[PDB]
Amino acid sequence: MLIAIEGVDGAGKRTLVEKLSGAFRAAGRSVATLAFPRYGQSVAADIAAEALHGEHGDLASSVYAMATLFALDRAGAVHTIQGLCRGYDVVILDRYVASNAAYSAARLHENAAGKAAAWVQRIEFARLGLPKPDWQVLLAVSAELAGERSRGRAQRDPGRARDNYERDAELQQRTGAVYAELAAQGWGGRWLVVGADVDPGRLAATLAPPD
Amino acid sequence: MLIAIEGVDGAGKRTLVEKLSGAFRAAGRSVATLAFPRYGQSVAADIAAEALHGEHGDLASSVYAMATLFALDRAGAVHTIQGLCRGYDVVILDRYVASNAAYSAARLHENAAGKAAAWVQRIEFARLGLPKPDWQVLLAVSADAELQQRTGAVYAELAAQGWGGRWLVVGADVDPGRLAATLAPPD
Ligand SMILES: Cc1cn(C2CCN(Cc3cccc(Oc4ccccc4)n3)CC2)c(=O)[nH]c1=O
Ligand SMILES: Cc1cn(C2CCN(Cc3cccc(Oc4ccccc4)n3)CC2)c(=O)[nH]c1=O
Ligand SMILES: [Cl-]
Ligand SMILES: [Cl-]
Ligand SMILES: [Cl-]
Ligand SMILES: [Cl-]
Ligand SMILES: [Cl-]
Ligand SMILES: [Cl-]
Ligand SMILES: [Cl-]
């Protein structure tokens, strides 16, 4: 079973990955986890990170160029995703294809029914052959909490160096709304929308009901 | 020996590559050639091709995004270039890193000493470790028009300045035997 955890930066995605991992293992299921982008393991992801911190000229301002880099990074991980799914009962991804649909649409002021989200689905699922997740779990938290926890688009920089607090906060709002539309329409498969305090045992039971 | 053929007239480059290949082989040297971008053989190059035909949203309007795809195409080709050099006396590349410097600078209205050409050198040679060629041969006299003119002028300064290594600047009708003898002089 392949599960993707989705949401805006600062939602607490990794915390959920860990507690869900613990709940599955308590129920006798083996679990492996993987986070995107895969820094150090593709040129594409490293260039994207550098672009977010101001390198590479006008690269980051092209929404489709950044999205292409994140897709190429995932394409490089297909054998890992498939190998983990062979060796483990449950594979949990921190961010996956829907991240690309949500942020790209939001950067372009589009909704989930728009061109960017359709382009993401075509290029990643159809053209590059990424496996579809069995579940996509949207971790939806308050805009305020996400704003305080997010490190912004330049996540290497110390907090004292953030100066785009407004652009990033507006983008996160739009991205949250696209995510919600993605979940409502079953984009790429089944979705569940959960909060920060979701019980891990009961969440694991819902995602993989016992036989 | 690793040789890159450069210029704005690609139909002329291809003829030059063929005539040069024959001259090397006539001199007892085995030759392999490889063309960039590797259209039909890498996703990065194919996405770039599609972007030039209007696909992929705003991608083609970013000079650095397109340049990045061509760099990723070459980054994926390191073992091919290196393996060819290990298996053949002469490896001739039809377009190489300097193509990225010249076209990117020209699209941005910069010259050979500007930011884009420096960025190309830093990312492709210093960071991704593409092999430095023994020769870059600029085809400068052949047998968007303004963009082509600007690309030609950047090319000429790149060669004059030794960008990325040694350059030779030639016309199309240069004697292939002498050109082959110049690039890999017989013993
Ligand atoms: C794995 C993944 C991730 N992302 C983004 C997730 C958020 N992260 C940090 C962030 C936090 C706040 C604002 C912001 O603005 C962006 C987002 C995308 C591109 C450029 C700027 N970016 C950048 C990559 C994406 O766009 N597509 C993906 O496929
Ligand atoms: C191998 C290589 C090649 N090129 C270009 C060579 C010319 N080719 C076709 C062409 C012919 C005439 C104008 C033009 O303008 C461009 C160039 C780059 C990007 C967009 C448009 N493009 C596009 C790729 C490049 O920019 N970087 C490279 O690394
Ligand atoms: Cl998070
Ligand atoms: Cl386990
Ligand atoms: Cl980073
Ligand atoms: Cl840079
Ligand atoms: Cl933006
Ligand atoms: Cl060699
Ligand atoms: Cl001549």
# chains A, B, ... in the order shown; residues from 1 in each chain; ligands from 1
>>> residues_near_ligand(ligand="ligand 7", cutoff="9 Å", atoms="only C-alpha atoms and all ligand atoms", output="count of residues only")
12
>>> interface_residues(of="chain B", to="chain A", cutoff="7 Å", atoms="only C-alpha atoms", output="NGL selection string")
:B and (56-59 or 62 or 64-65)
>>> write_last_selection(atoms="N, CA, C and O atoms", output="compact mmCIF listing (two decimals), in the first residue's frame")
# COMPACT_ATOMS: atom_id res chain seq x y z
N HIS B 56 4.23 22.96 -22.26
CA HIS B 56 4.80 23.11 -20.92
C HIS B 56 4.73 24.56 -20.43
O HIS B 56 5.69 25.09 -19.88
N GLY B 57 3.58 25.20 -20.64
CA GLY B 57 3.31 26.49 -20.02
C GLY B 57 4.35 27.55 -20.33
O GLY B 57 4.65 27.84 -21.49
N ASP B 58 4.89 28.15 -19.26
CA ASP B 58 5.81 29.28 -19.35
C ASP B 58 7.27 28.86 -19.41
O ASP B 58 8.16 29.71 -19.24
N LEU B 59 7.55 27.58 -19.63
CA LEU B 59 8.92 27.10 -19.47
C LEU B 59 9.87 27.78 -20.46
O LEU B 59 10.96 28.23 -20.08
N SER B 62 11.62 31.25 -19.95
CA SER B 62 12.73 31.39 -19.01
C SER B 62 14.01 30.91 -19.69
O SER B 62 14.16 29.72 -20.01
N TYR B 64 16.96 30.64 -18.41
CA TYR B 64 17.70 29.73 -17.55
C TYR B 64 17.01 28.37 -17.43
O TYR B 64 17.69 27.35 -17.21
N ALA B 65 15.69 28.30 -17.57
CA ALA B 65 15.02 27.00 -17.50
C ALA B 65 15.40 26.15 -18.70
O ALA B 65 15.77 24.98 -18.55
>>> residues_near_ligand(ligand="ligand 9", cutoff="6 Å", atoms="only C-alpha atoms and all ligand atoms", output="MDAnalysis selection string")
chainID B and resid 171:174
>>> write_last_selection(atoms="N, CA and C atoms", output="JSON list (two decimals), in the first residue's frame")
[["chain", "number", "residue", "atom", "x", "y", "z"],
["B", 171, "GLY", "N", 36.23, 28.51, -41.45],
["B", 171, "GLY", "CA", 35.18, 28.60, -42.43],
["B", 171, "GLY", "C", 34.80, 27.18, -42.88],
["B", 172, "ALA", "N", 33.69, 27.10, -43.62],
["B", 172, "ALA", "CA", 33.15, 25.80, -44.03],
["B", 172, "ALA", "C", 34.07, 25.05, -44.99],
["B", 173, "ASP", "N", 34.80, 25.77, -45.85],
["B", 173, "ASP", "CA", 35.58, 25.14, -46.90],
["B", 173, "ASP", "C", 37.04, 24.93, -46.50],
["B", 174, "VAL", "N", 37.33, 24.99, -45.20],
["B", 174, "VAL", "CA", 38.68, 24.70, -44.73],
["B", 174, "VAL", "C", 39.03, 23.27, -45.13]]
>>> closest_atom_pairs(of="chain A", to="ligand 3", cutoff="9 Å", atoms="only C-alpha atoms and all ligand atoms", output="tab-separated table")
residue	atom	partner	partner_atom_place_in_ligand_line	distance
A:6	CA	ligand 3	1 (Cl)	8.4
A:7	CA	ligand 3	1 (Cl)	6.9
A:8	CA	ligand 3	1 (Cl)	6.3
A:9	CA	ligand 3	1 (Cl)	4.4
A:10	CA	ligand 3	1 (Cl)	4.0
A:11	CA	ligand 3	1 (Cl)	4.3
A:12	CA	ligand 3	1 (Cl)	3.9
A:13	CA	ligand 3	1 (Cl)	4.2
A:14	CA	ligand 3	1 (Cl)	6.2
A:15	CA	ligand 3	1 (Cl)	8.0
A:94	CA	ligand 3	1 (Cl)	8.6
A:139	CA	ligand 3	1 (Cl)	8.7
A:146	CA	ligand 3	1 (Cl)	7.8
A:149	CA	ligand 3	1 (Cl)	7.9
A:150	CA	ligand 3	1 (Cl)	7.3
>>> write_last_selection(atoms="C-alpha atoms", output="CSV table (one decimal), in the first residue's frame")
chain,number,residue,atom,x,y,z
A,6,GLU,CA,0.2,16.2,1.6
A,7,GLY,CA,-0.3,19.7,2.8
A,8,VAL,CA,1.2,23.2,3.0
A,9,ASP,CA,4.7,23.7,4.4
A,10,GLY,CA,4.3,23.9,8.2
A,11,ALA,CA,1.3,21.6,8.4
A,12,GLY,CA,3.4,19.0,10.3
A,13,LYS,CA,3.6,16.4,7.6
A,14,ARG,CA,6.6,14.6,9.1
A,15,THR,CA,5.1,14.3,12.5
A,94,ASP,CA,6.1,12.9,2.6
A,139,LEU,CA,-3.1,17.4,6.7
A,146,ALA,CA,1.4,26.7,9.2
A,149,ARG,CA,6.2,26.7,11.4
A,150,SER,CA,7.0,27.2,7.7
>>> residues_around(residues="region 115-123 of chain B", least_positions_apart="6", cutoff="7 Å", atoms="only C-alpha atoms", output="JSON, numbers by chain")
{"B": [100, 101, 102, 104, 105]}
>>> residues_around(residues="residue 133 (chain A)", least_positions_apart="4", cutoff="9 Å", atoms="only C-alpha atoms", output="list in words")
residues 1, 2, 3, 4, 96, 188, 189 and 190 of chain A
>>> write_last_selection(atoms="C-alpha atoms", output="mmCIF file, in the first residue's frame")
data_model
loop_
_atom_site.group_PDB
_atom_site.id
_atom_site.type_symbol
_atom_site.label_atom_id
_atom_site.label_comp_id
_atom_site.auth_asym_id
_atom_site.auth_seq_id
_atom_site.Cartn_x
_atom_site.Cartn_y
_atom_site.Cartn_z
ATOM 1 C CA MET A 1 0.000 0.000 0.000
ATOM 2 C CA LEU A 2 1.274 3.457 -1.029
ATOM 3 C CA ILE A 3 0.238 6.466 1.067
ATOM 4 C CA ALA A 4 1.145 10.096 0.368
ATOM 5 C CA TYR A 96 4.201 13.371 -3.759
ATOM 6 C CA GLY A 188 -5.243 10.717 -8.495
ATOM 7 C CA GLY A 189 -7.240 8.436 -6.187
ATOM 8 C CA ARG A 190 -8.867 8.410 -2.760
#
>>> residues_near_ligand(ligand="ligand 8", cutoff="7 Å", atoms="only C-alpha atoms and all ligand atoms", output="VMD selection string")
chain B and resid 1 to 2 85 to 86 90
>>> closest_residue(among="A:178, A:5, A:27, A:130", to="residue 208 (chain A)", atoms="only C-alpha atoms")
A:27
>>> residues_near_ligand(ligand="ligand 2", cutoff="6 Å", atoms="only C-alpha atoms and all ligand atoms", output="list in words")
residues 36, 37, 66, 67, 70, 95, 96, 97, 99, 100 and 103 of chain B
>>> atom_distance(atom1="CA of residue 8 (chain B)", atom2="CA of residue 139 (chain B)")
7.8 Å
>>> residues_near_ligand(ligand="ligand 4", cutoff="8 Å", atoms="only C-alpha atoms and all ligand atoms", output="list in words")
residues 25, 29, 30, 31, 32 and 88 of chain A
>>> residues_near_ligand(ligand="ligand 5", cutoff="10 Å", atoms="only C-alpha atoms and all ligand atoms", output="ChimeraX atom specification")
/A:37-40,45-53,153-157
>>> write_last_selection(atoms="N, CA, C and O atoms", output="PDB file, in the first residue's frame")
ATOM      1  N   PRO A  37      11.298  16.619  -2.131  1.00  0.00           N
ATOM      2  CA  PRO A  37      12.291  16.159  -3.113  1.00  0.00           C
ATOM      3  C   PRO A  37      13.469  15.408  -2.495  1.00  0.00           C
ATOM      4  O   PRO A  37      13.774  15.589  -1.322  1.00  0.00           O
ATOM      5  N   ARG A  38      14.137  14.590  -3.306  1.00  0.00           N
ATOM      6  CA  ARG A  38      15.248  13.739  -2.865  1.00  0.00           C
ATOM      7  C   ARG A  38      16.602  14.439  -3.033  1.00  0.00           C
ATOM      8  O   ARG A  38      17.386  14.144  -3.943  1.00  0.00           O
ATOM      9  N   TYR A  39      16.888  15.366  -2.129  1.00  0.00           N
ATOM     10  CA  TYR A  39      18.158  16.083  -2.159  1.00  0.00           C
ATOM     11  C   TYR A  39      19.354  15.119  -2.252  1.00  0.00           C
ATOM     12  O   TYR A  39      19.379  14.045  -1.649  1.00  0.00           O
ATOM     13  N   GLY A  40      20.337  15.489  -3.056  1.00  0.00           N
ATOM     14  CA  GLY A  40      21.524  14.679  -3.220  1.00  0.00           C
ATOM     15  C   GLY A  40      21.375  13.455  -4.100  1.00  0.00           C
ATOM     16  O   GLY A  40      22.383  12.815  -4.423  1.00  0.00           O
ATOM     17  N   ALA A  45      16.561  17.801  -8.236  1.00  0.00           N
ATOM     18  CA  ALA A  45      16.114  18.308  -6.944  1.00  0.00           C
ATOM     19  C   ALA A  45      17.105  19.321  -6.374  1.00  0.00           C
ATOM     20  O   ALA A  45      16.703  20.293  -5.721  1.00  0.00           O
ATOM     21  N   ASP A  46      18.403  19.100  -6.608  1.00  0.00           N
ATOM     22  CA  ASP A  46      19.419  20.024  -6.124  1.00  0.00           C
ATOM     23  C   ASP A  46      19.323  21.370  -6.835  1.00  0.00           C
ATOM     24  O   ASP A  46      19.427  22.423  -6.200  1.00  0.00           O
ATOM     25  N   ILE A  47      19.094  21.354  -8.149  1.00  0.00           N
ATOM     26  CA  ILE A  47      18.917  22.597  -8.885  1.00  0.00           C
ATOM     27  C   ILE A  47      17.672  23.337  -8.403  1.00  0.00           C
ATOM     28  O   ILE A  47      17.696  24.562  -8.209  1.00  0.00           O
ATOM     29  N   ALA A  48      16.577  22.611  -8.160  1.00  0.00           N
ATOM     30  CA  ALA A  48      15.362  23.266  -7.673  1.00  0.00           C
ATOM     31  C   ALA A  48      15.607  23.967  -6.339  1.00  0.00           C
ATOM     32  O   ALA A  48      15.219  25.130  -6.151  1.00  0.00           O
ATOM     33  N   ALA A  49      16.246  23.268  -5.397  1.00  0.00           N
ATOM     34  CA  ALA A  49      16.576  23.875  -4.110  1.00  0.00           C
ATOM     35  C   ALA A  49      17.420  25.130  -4.302  1.00  0.00           C
ATOM     36  O   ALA A  49      17.134  26.184  -3.718  1.00  0.00           O
ATOM     37  N   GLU A  50      18.456  25.041  -5.142  1.00  0.00           N
ATOM     38  CA  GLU A  50      19.300  26.206  -5.381  1.00  0.00           C
ATOM     39  C   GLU A  50      18.498  27.344  -5.997  1.00  0.00           C
ATOM     40  O   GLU A  50      18.691  28.509  -5.636  1.00  0.00           O
ATOM     41  N   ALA A  51      17.568  27.019  -6.906  1.00  0.00           N
ATOM     42  CA  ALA A  51      16.732  28.048  -7.525  1.00  0.00           C
ATOM     43  C   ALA A  51      15.872  28.773  -6.491  1.00  0.00           C
ATOM     44  O   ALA A  51      15.665  29.984  -6.594  1.00  0.00           O
ATOM     45  N   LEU A  52      15.330  28.038  -5.518  1.00  0.00           N
ATOM     46  CA  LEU A  52      14.521  28.654  -4.466  1.00  0.00           C
ATOM     47  C   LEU A  52      15.338  29.595  -3.594  1.00  0.00           C
ATOM     48  O   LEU A  52      14.767  30.468  -2.939  1.00  0.00           O
ATOM     49  N   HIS A  53      16.659  29.424  -3.541  1.00  0.00           N
ATOM     50  CA  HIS A  53      17.498  30.319  -2.764  1.00  0.00           C
ATOM     51  C   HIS A  53      18.158  31.381  -3.626  1.00  0.00           C
ATOM     52  O   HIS A  53      19.088  32.042  -3.169  1.00  0.00           O
ATOM     53  N   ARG A 153      10.032  29.861   1.300  1.00  0.00           N
ATOM     54  CA  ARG A 153      10.499  29.143   0.118  1.00  0.00           C
ATOM     55  C   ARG A 153      12.007  28.909   0.142  1.00  0.00           C
ATOM     56  O   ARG A 153      12.485  28.025  -0.573  1.00  0.00           O
ATOM     57  N   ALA A 154      12.755  29.654   0.956  1.00  0.00           N
ATOM     58  CA  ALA A 154      14.212  29.523   1.067  1.00  0.00           C
ATOM     59  C   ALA A 154      14.542  28.889   2.417  1.00  0.00           C
ATOM     60  O   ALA A 154      15.051  29.545   3.328  1.00  0.00           O
ATOM     61  N   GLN A 155      14.301  27.580   2.519  1.00  0.00           N
ATOM     62  CA  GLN A 155      14.305  26.905   3.810  1.00  0.00           C
ATOM     63  C   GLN A 155      15.692  26.723   4.413  1.00  0.00           C
ATOM     64  O   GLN A 155      15.779  26.340   5.584  1.00  0.00           O
ATOM     65  N   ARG A 156      16.770  26.988   3.675  1.00  0.00           N
ATOM     66  CA  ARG A 156      18.095  26.949   4.294  1.00  0.00           C
ATOM     67  C   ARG A 156      18.379  28.171   5.146  1.00  0.00           C
ATOM     68  O   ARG A 156      19.242  28.101   6.031  1.00  0.00           O
ATOM     69  N   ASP A 157      17.697  29.301   4.879  1.00  0.00           N
ATOM     70  CA  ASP A 157      18.081  30.561   5.506  1.00  0.00           C
ATOM     71  C   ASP A 157      17.593  30.612   6.953  1.00  0.00           C
ATOM     72  O   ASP A 157      16.514  30.115   7.257  1.00  0.00           O
TER      73      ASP A 157
END
>>> select_by_dssp(residues="region 10-119 of chain A", states="strand (DSSP E)", output="ChimeraX atom specification")
/A:31-35,90-94
>>> select_by_dssp(residues="region 33-145 of chain A", states="alpha helix (DSSP H)", output="NGL selection string")
:A and (43-52 or 63-75 or 78-87 or 97-107 or 115-121 or 143-145)
>>> closest_residue(among="B:111, B:14, B:42, B:127", to="ligand 6", atoms="only C-alpha atoms and all ligand atoms")
B:127
>>> decode(residues="region 165-194 of chain A", atoms="N, CA, C and O atoms", output="PDB file, in the first residue's frame")
ATOM      1  N   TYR A 165       7.337  37.654   3.724  1.00  0.00           N
ATOM      2  CA  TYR A 165       6.301  37.037   4.545  1.00  0.00           C
ATOM      3  C   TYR A 165       4.925  37.132   3.895  1.00  0.00           C
ATOM      4  O   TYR A 165       4.079  36.253   4.104  1.00  0.00           O
ATOM      5  N   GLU A 166       4.688  38.169   3.086  1.00  0.00           N
ATOM      6  CA  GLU A 166       3.361  38.384   2.514  1.00  0.00           C
ATOM      7  C   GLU A 166       3.121  37.506   1.283  1.00  0.00           C
ATOM      8  O   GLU A 166       2.098  36.818   1.198  1.00  0.00           O
ATOM      9  N   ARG A 167       4.043  37.528   0.312  1.00  0.00           N
ATOM     10  CA  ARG A 167       3.891  36.684  -0.872  1.00  0.00           C
ATOM     11  C   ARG A 167       3.735  35.219  -0.482  1.00  0.00           C
ATOM     12  O   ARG A 167       2.865  34.512  -1.004  1.00  0.00           O
ATOM     13  N   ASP A 168       4.577  34.748   0.437  1.00  0.00           N
ATOM     14  CA  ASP A 168       4.549  33.342   0.815  1.00  0.00           C
ATOM     15  C   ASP A 168       3.258  32.996   1.549  1.00  0.00           C
ATOM     16  O   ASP A 168       2.670  31.933   1.316  1.00  0.00           O
ATOM     17  N   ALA A 169       2.785  33.888   2.420  1.00  0.00           N
ATOM     18  CA  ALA A 169       1.550  33.612   3.147  1.00  0.00           C
ATOM     19  C   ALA A 169       0.353  33.555   2.205  1.00  0.00           C
ATOM     20  O   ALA A 169      -0.539  32.719   2.381  1.00  0.00           O
ATOM     21  N   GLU A 170       0.299  34.450   1.217  1.00  0.00           N
ATOM     22  CA  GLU A 170      -0.790  34.390   0.248  1.00  0.00           C
ATOM     23  C   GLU A 170      -0.712  33.120  -0.594  1.00  0.00           C
ATOM     24  O   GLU A 170      -1.733  32.467  -0.842  1.00  0.00           O
ATOM     25  N   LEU A 171       0.495  32.748  -1.031  1.00  0.00           N
ATOM     26  CA  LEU A 171       0.644  31.526  -1.815  1.00  0.00           C
ATOM     27  C   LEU A 171       0.194  30.303  -1.021  1.00  0.00           C
ATOM     28  O   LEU A 171      -0.463  29.411  -1.564  1.00  0.00           O
ATOM     29  N   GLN A 172       0.543  30.247   0.267  1.00  0.00           N
ATOM     30  CA  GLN A 172       0.147  29.108   1.090  1.00  0.00           C
ATOM     31  C   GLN A 172      -1.369  29.013   1.201  1.00  0.00           C
ATOM     32  O   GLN A 172      -1.934  27.912   1.164  1.00  0.00           O
ATOM     33  N   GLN A 173      -2.049  30.159   1.316  1.00  0.00           N
ATOM     34  CA  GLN A 173      -3.509  30.159   1.358  1.00  0.00           C
ATOM     35  C   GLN A 173      -4.085  29.577   0.073  1.00  0.00           C
ATOM     36  O   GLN A 173      -4.921  28.667   0.108  1.00  0.00           O
ATOM     37  N   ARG A 174      -3.652  30.102  -1.077  1.00  0.00           N
ATOM     38  CA  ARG A 174      -4.119  29.568  -2.351  1.00  0.00           C
ATOM     39  C   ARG A 174      -3.792  28.083  -2.487  1.00  0.00           C
ATOM     40  O   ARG A 174      -4.615  27.301  -2.981  1.00  0.00           O
ATOM     41  N   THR A 175      -2.597  27.677  -2.055  1.00  0.00           N
ATOM     42  CA  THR A 175      -2.218  26.268  -2.147  1.00  0.00           C
ATOM     43  C   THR A 175      -3.114  25.397  -1.271  1.00  0.00           C
ATOM     44  O   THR A 175      -3.477  24.278  -1.658  1.00  0.00           O
ATOM     45  N   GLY A 176      -3.472  25.886  -0.082  1.00  0.00           N
ATOM     46  CA  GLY A 176      -4.400  25.140   0.755  1.00  0.00           C
ATOM     47  C   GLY A 176      -5.734  24.932   0.068  1.00  0.00           C
ATOM     48  O   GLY A 176      -6.318  23.844   0.130  1.00  0.00           O
ATOM     49  N   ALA A 177      -6.213  25.959  -0.634  1.00  0.00           N
ATOM     50  CA  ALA A 177      -7.498  25.854  -1.316  1.00  0.00           C
ATOM     51  C   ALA A 177      -7.437  24.874  -2.485  1.00  0.00           C
ATOM     52  O   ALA A 177      -8.377  24.099  -2.696  1.00  0.00           O
ATOM     53  N   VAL A 178      -6.347  24.879  -3.259  1.00  0.00           N
ATOM     54  CA  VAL A 178      -6.237  23.912  -4.350  1.00  0.00           C
ATOM     55  C   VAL A 178      -6.205  22.491  -3.796  1.00  0.00           C
ATOM     56  O   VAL A 178      -6.888  21.592  -4.300  1.00  0.00           O
ATOM     57  N   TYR A 179      -5.375  22.263  -2.774  1.00  0.00           N
ATOM     58  CA  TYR A 179      -5.333  20.964  -2.107  1.00  0.00           C
ATOM     59  C   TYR A 179      -6.741  20.479  -1.762  1.00  0.00           C
ATOM     60  O   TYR A 179      -7.101  19.325  -2.026  1.00  0.00           O
ATOM     61  N   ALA A 180      -7.553  21.356  -1.164  1.00  0.00           N
ATOM     62  CA  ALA A 180      -8.895  20.957  -0.756  1.00  0.00           C
ATOM     63  C   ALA A 180      -9.731  20.579  -1.966  1.00  0.00           C
ATOM     64  O   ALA A 180     -10.518  19.624  -1.916  1.00  0.00           O
ATOM     65  N   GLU A 181      -9.573  21.312  -3.070  1.00  0.00           N
ATOM     66  CA  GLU A 181     -10.274  20.936  -4.287  1.00  0.00           C
ATOM     67  C   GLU A 181      -9.744  19.619  -4.836  1.00  0.00           C
ATOM     68  O   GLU A 181     -10.517  18.790  -5.318  1.00  0.00           O
ATOM     69  N   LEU A 182      -8.428  19.406  -4.777  1.00  0.00           N
ATOM     70  CA  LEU A 182      -7.875  18.129  -5.220  1.00  0.00           C
ATOM     71  C   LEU A 182      -8.485  16.980  -4.427  1.00  0.00           C
ATOM     72  O   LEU A 182      -8.898  15.959  -4.991  1.00  0.00           O
ATOM     73  N   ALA A 183      -8.530  17.126  -3.106  1.00  0.00           N
ATOM     74  CA  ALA A 183      -9.078  16.064  -2.281  1.00  0.00           C
ATOM     75  C   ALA A 183     -10.551  15.834  -2.599  1.00  0.00           C
ATOM     76  O   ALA A 183     -10.979  14.690  -2.789  1.00  0.00           O
ATOM     77  N   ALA A 184     -11.333  16.912  -2.712  1.00  0.00           N
ATOM     78  CA  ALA A 184     -12.763  16.746  -2.940  1.00  0.00           C
ATOM     79  C   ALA A 184     -13.043  15.995  -4.233  1.00  0.00           C
ATOM     80  O   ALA A 184     -14.043  15.277  -4.328  1.00  0.00           O
ATOM     81  N   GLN A 185     -12.183  16.134  -5.242  1.00  0.00           N
ATOM     82  CA  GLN A 185     -12.486  15.545  -6.536  1.00  0.00           C
ATOM     83  C   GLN A 185     -11.805  14.196  -6.750  1.00  0.00           C
ATOM     84  O   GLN A 185     -11.913  13.630  -7.839  1.00  0.00           O
ATOM     85  N   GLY A 186     -11.155  13.646  -5.727  1.00  0.00           N
ATOM     86  CA  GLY A 186     -10.469  12.374  -5.882  1.00  0.00           C
ATOM     87  C   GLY A 186      -9.310  12.417  -6.858  1.00  0.00           C
ATOM     88  O   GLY A 186      -9.044  11.431  -7.553  1.00  0.00           O
ATOM     89  N   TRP A 187      -8.608  13.533  -6.925  1.00  0.00           N
ATOM     90  CA  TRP A 187      -7.538  13.680  -7.901  1.00  0.00           C
ATOM     91  C   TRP A 187      -6.451  12.636  -7.647  1.00  0.00           C
ATOM     92  O   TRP A 187      -5.825  12.611  -6.580  1.00  0.00           O
ATOM     93  N   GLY A 188      -6.241  11.758  -8.623  1.00  0.00           N
ATOM     94  CA  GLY A 188      -5.243  10.717  -8.495  1.00  0.00           C
ATOM     95  C   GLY A 188      -5.622   9.545  -7.610  1.00  0.00           C
ATOM     96  O   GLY A 188      -4.796   8.640  -7.433  1.00  0.00           O
ATOM     97  N   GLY A 189      -6.829   9.521  -7.049  1.00  0.00           N
ATOM     98  CA  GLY A 189      -7.240   8.436  -6.187  1.00  0.00           C
ATOM     99  C   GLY A 189      -7.944   8.973  -4.958  1.00  0.00           C
ATOM    100  O   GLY A 189      -8.278  10.153  -4.877  1.00  0.00           O
ATOM    101  N   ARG A 190      -8.126   8.086  -3.979  1.00  0.00           N
ATOM    102  CA  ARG A 190      -8.867   8.410  -2.760  1.00  0.00           C
ATOM    103  C   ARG A 190      -8.088   9.373  -1.870  1.00  0.00           C
ATOM    104  O   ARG A 190      -6.868   9.267  -1.739  1.00  0.00           O
ATOM    105  N   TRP A 191      -8.805  10.303  -1.241  1.00  0.00           N
ATOM    106  CA  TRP A 191      -8.234  11.245  -0.285  1.00  0.00           C
ATOM    107  C   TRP A 191      -8.930  11.118   1.061  1.00  0.00           C
ATOM    108  O   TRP A 191     -10.119  10.806   1.140  1.00  0.00           O
ATOM    109  N   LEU A 192      -8.174  11.407   2.115  1.00  0.00           N
ATOM    110  CA  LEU A 192      -8.677  11.613   3.467  1.00  0.00           C
ATOM    111  C   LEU A 192      -8.138  12.942   3.976  1.00  0.00           C
ATOM    112  O   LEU A 192      -6.964  13.255   3.752  1.00  0.00           O
ATOM    113  N   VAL A 193      -8.984  13.732   4.636  1.00  0.00           N
ATOM    114  CA  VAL A 193      -8.563  15.017   5.195  1.00  0.00           C
ATOM    115  C   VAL A 193      -8.562  14.901   6.715  1.00  0.00           C
ATOM    116  O   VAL A 193      -9.606  14.625   7.324  1.00  0.00           O
ATOM    117  N   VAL A 194      -7.404  15.154   7.334  1.00  0.00           N
ATOM    118  CA  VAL A 194      -7.221  14.954   8.769  1.00  0.00           C
ATOM    119  C   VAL A 194      -6.621  16.211   9.383  1.00  0.00           C
ATOM    120  O   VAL A 194      -6.099  17.089   8.691  1.00  0.00           O
TER     121      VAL A 194
END
